[PDB]
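In: with the input below, show me the fold.
(7 chains, ligands or ions: 1)
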Amino acid sequence: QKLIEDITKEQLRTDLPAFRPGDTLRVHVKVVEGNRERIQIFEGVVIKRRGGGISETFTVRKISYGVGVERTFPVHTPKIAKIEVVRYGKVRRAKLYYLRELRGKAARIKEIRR
Amino acid sequence: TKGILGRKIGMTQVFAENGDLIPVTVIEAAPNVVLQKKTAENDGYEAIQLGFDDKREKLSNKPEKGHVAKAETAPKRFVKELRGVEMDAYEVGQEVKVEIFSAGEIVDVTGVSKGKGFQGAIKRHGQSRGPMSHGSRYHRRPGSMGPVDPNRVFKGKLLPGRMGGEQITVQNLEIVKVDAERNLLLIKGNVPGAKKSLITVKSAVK
Amino acid sequence: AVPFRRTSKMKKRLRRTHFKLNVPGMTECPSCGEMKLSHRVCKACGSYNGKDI
Amino acid sequence: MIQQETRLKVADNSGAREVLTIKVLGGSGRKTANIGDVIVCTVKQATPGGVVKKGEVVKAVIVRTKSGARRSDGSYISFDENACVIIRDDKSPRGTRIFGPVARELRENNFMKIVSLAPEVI
Amino acid sequence: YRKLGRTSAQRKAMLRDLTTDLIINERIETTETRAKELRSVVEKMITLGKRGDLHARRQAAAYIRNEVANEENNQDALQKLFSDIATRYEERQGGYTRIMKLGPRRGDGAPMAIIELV
Amino acid sequence: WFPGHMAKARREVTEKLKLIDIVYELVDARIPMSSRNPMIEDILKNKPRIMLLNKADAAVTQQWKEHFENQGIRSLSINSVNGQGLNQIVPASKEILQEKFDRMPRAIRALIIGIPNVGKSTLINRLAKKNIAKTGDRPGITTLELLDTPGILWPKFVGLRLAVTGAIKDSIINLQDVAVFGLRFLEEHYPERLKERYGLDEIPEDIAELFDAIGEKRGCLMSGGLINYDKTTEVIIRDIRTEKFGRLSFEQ
RNA sequence: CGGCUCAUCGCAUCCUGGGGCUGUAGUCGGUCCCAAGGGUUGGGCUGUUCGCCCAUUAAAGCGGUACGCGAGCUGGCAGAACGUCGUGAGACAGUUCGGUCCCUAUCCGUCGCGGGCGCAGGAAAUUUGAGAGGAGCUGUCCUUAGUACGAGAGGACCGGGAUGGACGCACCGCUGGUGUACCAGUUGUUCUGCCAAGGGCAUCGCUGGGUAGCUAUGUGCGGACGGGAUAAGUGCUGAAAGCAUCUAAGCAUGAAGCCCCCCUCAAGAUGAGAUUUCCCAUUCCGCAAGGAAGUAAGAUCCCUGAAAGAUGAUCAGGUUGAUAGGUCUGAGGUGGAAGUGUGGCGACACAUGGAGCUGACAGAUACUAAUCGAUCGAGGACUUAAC
Ligand SMILES: Nc1nc2c(ncn2[C@@H]2O[C@H](COP(=O)(O)OP(=O)(O)NP(=O)(O)O)[C@@H](O)[C@H]2O)c(=O)[nH]1
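Out: Numbers count the residues shown, from 1 in each chain, chains lettered A, B, ... in the order given. Dropping the coordinates below:
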């Protein structure tokens, strides 16, 4: 796909920080409801780190008032303002799928800070 | 009514000045070179013989060797025409690239489908399944041919055959971005064709 | 299902047409021989493109 | 991806608990409803002292899908506990206030009264 | 890749024993289709031999079966690689084997070939 | 709420409403007035018919009987286990119907209908001295000179007071209905009766909380200490139909 | 018997289109013609057609084809219980459960895909399009506009503009599923001498992920613009018939019908089309008619492959070469190897280190494998015109 990857870097964003798959980061999402931008800061833990060049992706799980909210924020998108890390956490793998279940006190064992 | 035709490579995403994660196609073809002008008074109608992906003398042939000296171009492959183009700006030897297309212009694609091989009735003709339990062994089979009194089968009743290898038109598609240096057209949506196969990119027939 | 008829003495002789198998490829050996299947080492000489194996 | 005969949960203070779908209002024939569709509903378990009762049949709005609510803008939202709001007639709910968050997919339609009572819109 | 007519648990053991039988005798008569698949795994064995790591040994050890390989030395199949096969193929990069094909046998219709180390 | 099993059957059966001399109607002794059938009220005119209120096991029954009797209809309570009240219904077939007994030795053929699961299938075997058929579910059968064991029920479907005797189907139509209503009759009419079956000291106000007070005494839990609602629905209808609470009325 | 697959079909139309007349102020209506192009539901409860109920929808159209279709599916007679009748044996378009209907496709039909041969010379490509097939649905919402309307309430028409559903076609970049030679974690025993690290087997040992390809629930897109001729009509001109007329002459107008416009296959369309470009007009036997024999142009045998594929074929390629594999440099994946060192009584932790590993995904690289060879394949008949 060598004749594709040249066009990709020109649209790619480098302003991201690098991050482990299992951690907590904060993200700022530019929202355009009407005319005023309600720039909100969504923070929490991350699960997926499935690649894709242009289409590198991640997921954000955040518990909200008794229920978690899966966030599929796109890495390569101008609607992202800034990604700011919080917890460099010891996670055994790159797929934290099982914390869609043990949602309670299992976020500590997986967030051994480093 | 214009048109280039070229190989495809892959599938990408391009978002431009919005959140629009648009699926894009990888249509990259070289500057097409008009081979031979069909005129109406000589050959019934007007057309443009077009060429693409020119090879070398290993696959050349004294028939196709003289096929290009009128146009003075290397012997290429996939020689097709375009029944709809103008008979003014398309002389014998003229070279056409991607500089013809720009942003916000309806296009048309006719391309060779994927060959899925000899499938069944289900994935070829959209046939649903029978019941998988409750005694009935019957499923994955195209049902009765129909009535009795005809003592025959209606030609047109569906049956598992080999599906693929024919053209598919898709109309009403758009261009998001052009890049002349790598000679790339970018199409919003998805376009029929497996990788390394030719794609006629014609103007979206309004 | 059942063959409803005997097939003919015609059509049976008219069925075996595309059944008879083709001639296999035969190439003249480049050292001591007379015939050898293309692309493959003959068992007579056991040599391939000037190589004893 | 709601379907017919799907178990739903209450997100408002209607006193209801468990909701079984009957038919997807959206279109005709289709049984798949993602977000914001109008879903006619029945009630399998409810607290008694409240606005509605057990087994009542009413109309409702989907709030939470486990399946992917997907924007045009590349963003994605999926909830965990598939909940639903209990509305009456118009786009005004029959509830007092909302248990928990609702997605921001109600902007397309005129559901902008339940978004006002939201503790969170993402 | 070809399924080689056996199931998977048979398939992984279908070929490991061939690799032992390859690097010992250096020259096997084999059914050509099984031979055609085999060359693209044993060149991965030989190039893994050309590292010389102990880590290079154990990945081969998970593959190569511990046959007694060469007589009166007690050279193992492992211990024939990194002392003799690596130095025999120091300069040549890729293309450690070939498939010269032979005719079919008497009672199979199966086409044959010969796999050597070159 | 019921198919072509009672309505469709009666439609074709209603064609024998001229050879029938005496009609035997059936209403519930626990709830009289909803246990009529307004579809069979329209087919049965100008026939002497006697009302029966079976499974009588008394104060409310007699009171209602008095008002019913003055209504134009005769009401005679019978039994399904013991032989009491059957000595006034046997002689009433030749006394009340004296218009077709000595006018011409013609037979006395009776049509027995009304509400299902209230004493219709058990009205033939004690009037005789042999069993015929019986079901403890909502349904029955599809059959003195007597060939009459069908069912009237209701062609089109107040129901809160209906299903407490279990006259309808309850596989899954509604189970929480008899839970939410029937305890209020134990709350409003006979509050003292609940204090002994599960050992409660005082009836609380939350009718959902009294389930958990009952159900933890029961033990039909579902998961991790949670008492199941639907199992506790069963243990209330299992007791009221076997008259574990005693003789209770419904309408006054 | 009723369903399930699947259909196709009639019009005596269920809705959507086109007008008529009413009880249509406007909105909304019943009812009668045109119309068969599509489109015409999901549950409880019913043997189930009967019927009942709920929620729908633009509305859940009638009906035919062995009451459409069991070599495609779908049991959905002996024993009993019974009642009743007959003394009894045993009866019953009487009631309830328990209860086995077979097929490798010869032919014709079908759905594909080939091979021969034709098309007055071979080839190579490009196409023409008679003719056939597919596509033909709509719902909400926003303007115009509370405008036209009517004591009011009500509130469009015509016509733009968003957004759905169903359904069809394409595709893997997102979104998830799959992945049996990928990745690690771990049990039980056995196995390489032991330790360590590994192998084998146990549904692929098991659990956690996943490239590729293939995929829908995912994504893109389709049913537009229209023209032409007609129905019911709507009319204009006027005859028969001094008025007058939808009609006779003669004009128009007017439908999702119908041709045509979109799409696809289509010169074996035996009418075998047509251009473009090759290729030569040999050697020979027979008075001649001709018959061979080499070969071009070229194709193929044969060989490595897959974008192809049940095989054939198609397509990439065959040593002035990147088709495949190996090799590298990578991508993606899992993700912290072994060894060593440290720390811990140890189980294990931490360090070297986003490590090590990797199946079809890339990109370079002749290192292997595509050798060496063979076969087929044309000399263009005959009238007559114009040249
Ligand atoms: N104690 C008591 N039990 C009764 C009385 N009547 C009926 N039962 C019991 O309740 C059950 C239901 O009676 P049944 O006559 O079968 O109800 P049904 O209305 O005739 N049903 P269907 O109309 O479908 O034939 C019987 O099994 C019987 O034992 C009664 O008067 N008293």
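In: how about the helices in the chain?
Out: Going with chain A. Along chain A, the stretches classed as helices by DSSP state H are A:5-11.
In: nope, chain E
Out: With helices called from DSSP H, chain E shows them at E:8-25, E:32-49, E:54-61, E:77-80, E:86-88.
In: nearest to chain B, out of those?
Out: Among these, helix E:32-49 comes nearest to chain B, with 21.2 Å by CB to the nearest CB. C-beta: built from backbone N, CA, C; applies to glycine.
In: now tell me what touches that closest one from outside.
Out: Helix E:32-49 is contacted from outside by E:1-2, E:4, E:14-15, E:18-19, E:22-23, E:28, E:30, E:56, E:59-60, E:63-64, E:81-82, E:85-86, E:89, E:94-97, E:99, E:101-102, E:111-113, E:115, using CB atoms under 8 Å, 6 or more residues apart in numbering or on different chains.
In: what do you get for stretch D:33-44?
Out: With CB under 8 Å, 6+ apart as the criterion, stretch D:33-44 contacts D:1-2, D:7-8, D:16-26, D:52-62, D:65, D:67, D:69, D:84, D:86-87, D:103, D:105-106, D:108-109, D:111.
In: out of these, which are close to RNA strand G?
Out: D:1, D:22, D:23, D:25, D:26, D:57, D:108 (CB under 7 Å from any atom of the strand).
In: ok, the one residue in chain C that gets nearest to the ligand - how many residues close by?
Out: Nearest residue of chain C to the ligand: residue C:1, at 52.1 Å (CB to the nearest ligand atom). If you count neighbours by other CB atoms under 10 Å in any protein chain shown, residue C:1 ends up with 3.
In: do residue C:4 as well
Out: Around residue C:4 there are 5 other residues, counting by other CB under 10 Å.
In: helix, strand, or coil at it?
Out: The assignment at residue C:4 comes out as coil when based on DSSP: H, G, I helix; E, B strand; the rest coil.
In: roughly how far apart are it and residue F:128?
Out: 67 Å (CB to CB, to the nearest Å).
In: what do you get for residue D:48?
Out: Counting by CB to CB, the separation of residue D:48 from residue F:128 is 48 Å.
In: hang on, the earlier thing: just the buried residues out of the contacts of helix E:32-49, in ChimeraX syntax.
Out: Selection of buried members from the contacts of helix E:32-49 for ChimeraX, criterion 16 or more other CB atoms under 10 Å in any protein chain shown:
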select /E:4,14,15,18,19,22,23,28,30,56,60,63,64,81,82,85,86,89,96,97,101,102,111,112,113,115
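In: and the helices of chain E, which is most packed in?
Out: Sort the helices of chain E by mean neighbour count, taking mean count of other CB atoms under 10 Å in any protein chain shown, and helix E:77-80 sits at the top with a mean of 20.
In: name the helices or strands packed onto that one?
Out: Applying 3 or more CB pairs under 8 Å, 6 or more residues apart in numbering or on different chains; DSSP states H and E, we find helix E:77-80 packed against helix E:8-25, helix E:54-61, strand E:68-70.
In: a markdown table for these, including distance to residue B:89?
Out: Formatted as a markdown table, the helices and strands packed on helix E:77-80 follow (distance: least, CB to CB, whole Å):
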| stretch | distance to residue B:89 |
| --- | --- |
| helix E:8-25 | 61 |
| helix E:54-61 | 64 |
| strand E:68-70 | 75 |
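In: show me where chain B has its strands.
Out: Using DSSP state E, the strands of chain B run over residues B:3-14, B:22-28, B:32-33, B:37-38, B:47-48, B:50-52, B:77-80, B:95-96, B:107-112, B:167-173, B:175-179, B:184-187, B:198-203.
In: chain D is nearest to which of these?
Out: Nearest to chain D among the strands of chain B is strand B:3-14 (8.2 Å), distances taken as CB to the nearest CB.
In: give me the sheet partners of the closest one and which way each runs.
Out: According to DSSP bridges, strand B:3-14 has the following sheet partners: strand B:22-28 (antiparallel), strand B:198-203 (antiparallel).
In: can you redo those strands as JSON lines with mean neighbour count and distance to residue D:34?
Out: JSON lines is the format used below for these (neighbours: other CB atoms under 10 Å in any protein chain shown; distance: least, CB to CB, whole Å):
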{"stretch": "strand B:22-28", "mean neighbour count": "22", "distance to residue D:34": "20"}
{"stretch": "strand B:198-203", "mean neighbour count": "22", "distance to residue D:34": "33"}
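In: which ones are touching residue D:26?
Out: Shown in contact with residue D:26 (CB under 8 Å, 6+ apart): D:33, D:37, D:38.
In: bridged to the first one, which residues?
Out: Spelled out, that is residue D:33. Using DSSP bridges, the beta-bridge partners of residue D:33 come out as residue D:2.
In: can you check residue B:167 too?
Out: Using DSSP bridges, the bridge partners assigned to residue B:167 are residue B:112.
In: could you report the neighbour count for it?
Out: By other CB under 10 Å, the residues close to residue B:167 number 12.
In: tell me how far residue E:77 lies from residue E:61.
Out: Taken as CB to CB, the span from residue E:77 to residue E:61 is 10 Å.
In: coming back round to it: which one of the ones next to RNA strand G among the contacts of stretch D:33-44 sits closest to chain F?
Out: Nearest to chain F among these, with distances taken as CB to the nearest CB, is residue D:57, at 11.7 Å.
In: thinking the closest one is in contact with residue D:21, fair?
Out: No. At 11.1 Å, residue D:57 does not count as touching residue D:21 under the criterion of CB atoms under 8 Å.
In: and those two? which has more neighbours close in?
Out: residue D:21 (21 against 11).
In: bridging residues for that one?
Out: residue D:41.
In: enumerate the residues of chain A near chain B.
Out: Neighbours of chain B within chain A, by CB under 8 Å from any CB of the partner chain: A:1, A:3-4, A:6-8, A:11, A:54-55, A:74, A:76-79.
In: let's see 6 Å
Out: A:1, A:3, A:4, A:54, A:55, A:79 (CB under 6 Å from any CB of the partner chain).
In: quick one: buried ones out of these?
Out: Using 16+ other CB under 10 Å as the burial test, those include A:4, A:54, A:55, A:79 as buried.
In: separation between residue C:18 and residue C:10?
Out: Per CB to CB, residue C:18 is found 16 Å from residue C:10.
In: the more surrounded of these two?
Out: Set residue C:18 next to residue C:10 and count neighbours by other CB under 10 Å: residue C:10 wins out with 8 against 5.
In: for the residue in chain E positioned nearest to chain B, which non-adjacent residue is closest in space?
Out: Nearest residue of chain E to chain B (CB to the nearest CB) works out as residue E:3 at 16.9 Å. Leaving aside its sequence neighbours, residue E:3 sits nearest to residue E:11 (CB to CB, 6 or more residues apart in numbering or on different chains; 6.9 Å).
In: so how far is RNA strand G from the one you found?
Out: Going from residue E:11 to RNA strand G by CB to the nearest atom of the strand, to the nearest Å gives 5 Å.
In: equivalent analysis for residue B:3, please.
Out: Between residue B:3 and RNA strand G the computed distance is 11 Å (CB to the nearest atom of the strand).
In: in the sheet, who's paired with the closest residue to that residue other than its chain neighbours?
Out: Excluding its sequence neighbours, the residue lying closest to residue B:3 (CB to CB, 6+ apart) is residue B:202, at 4.1 Å. Residue B:202 forms beta bridges with residue B:3, residue B:108, as assigned by DSSP bridges.
In: does residue B:202 touch residue B:2 like I think?
Out: No. Contact between residue B:202 and residue B:2 fails when scored by CB atoms under 6 Å: they sit 7.6 Å apart.
In: residue F:185: neighbour count?
Out: Counted with other CB under 10 Å, residues neighbouring residue F:185 total 17.
In: residue in chain A nearest to chain D?
Out: Closest point on chain A to chain D, by CB to the nearest CB, is residue A:72, at 3.0 Å.
In: chain C: strands as residue ranges?
Out: C:26-27, C:36-37.
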